[PDB]
């Protein structure tokens, strides 16, 4: 007869966006999809062997290195006071989203504090302007689950000093997303948002902002933070963001429970 809701959920797991009601029973539909998914994993294993999340990180890395940005690898486990100094006190939404570790540490919910410190230190060593970026894990306790992950990967890039303009910031964003092949629209110190439909890809800022002084920053700057899993979701037409996460349930958006 008709498919139960549980059967439909089971098939949805095995379903890729590329796949194409009938007089066909669950057993057959499931067996067909199981076959298709196994071949997909076999093809990856025979040919490229690269994880989508790792591969995107390498592509994004090459992009910013080529455009003059220095690659940063900063701590993921950061001091808890970095949170307070970011202006995240107990009345903010983010205050309740912090994964605390021990008494004095936590998991970074963003790349800003570490990059802030790098900007200050590199100013004493590097010529104007100063262009840096980081790609790495970030952690937020989230109530949602359709566009949100508690463990996700963020890309943040910053330029400091000369040429820190709204137009320049939009140009970098535009070149970047056109390079990846991801459609977007920008929605407008100056705080921007990069949208794909009703999905937020990025939040860009045109400094200076009054927060800079706490970190010893006294120059103009432009910056943006992207989520790699959201980028993957859009690029690969994944219906749920969990298909793009670090996961034991999905490899390259393919179910591992076959």
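Residue numbers count along the first chain shown, from 1.
Task: Between residue 20 and residue 21 - deposited residues without coordinates, as a size class - done: Per the record, 1 to 3 deposited residues are absent between residue 20 and residue 21.
Open item on the list: According to the entry, how many residues of the deposited sequence fall between residue 188 and residue 189 and are not modelled? Options: none, 1 to 3, 4 to 9, 10 or more.
Closed with: Per the record, 4 to 9 deposited residues are absent between residue 188 and residue 189.
TODO: Select between 230-238 and 21-29 the stretch whose C-alpha atoms have the higher average B-factor in the entry.
DONE: Per the deposited B-factors, the answer is 21-29.
- [ ] Taking the mean of the C-alpha B-factors per stretch from the entry, tell me the winner out of 90-98 and 126-134.
- [x] Higher mean C-alpha B-factor: 90-98.
Task: Residue with highest C-alpha B-factor in the PDB entry, from 109, 145, 75, 113 - done: So the option with the highest C-alpha B-factor is 145.
Task: Out of 178, 156, 153, 162, highest CA B-factor residue - done: If I rank 178, 156, 153, 162 by C-alpha B-factor, first place goes to 162.
Task: Relative C-alpha B-factor of residue 213, binned into the chain's lowest, middle or highest third - done: Tercile = highest for this residue's CA B-factor.
- [ ] Name the third of the chain's ranked CA B-factors that contains residue 199, choosing lowest, middle or highest.
- [x] It belongs to the highest third of the chain when residues are ordered by C-alpha B-factor.
Task: For residue 53, the third of its chain into which the C-alpha B factor falls - done: According to the entry, residue 53 has a C-alpha B-factor in the chain's middle third.
Task: Third of the chain, ranked by Cα B-factor, where residue 222 sits - done: For residue 222, whose C-alpha B-factor we compare with every modelled residue in the chain, the answer is the middle third.
Task: residue 70 CA temperature factor, ranked by third within the chain - done: Residue 70: CA B-factor falls in the lowest third of its chain.
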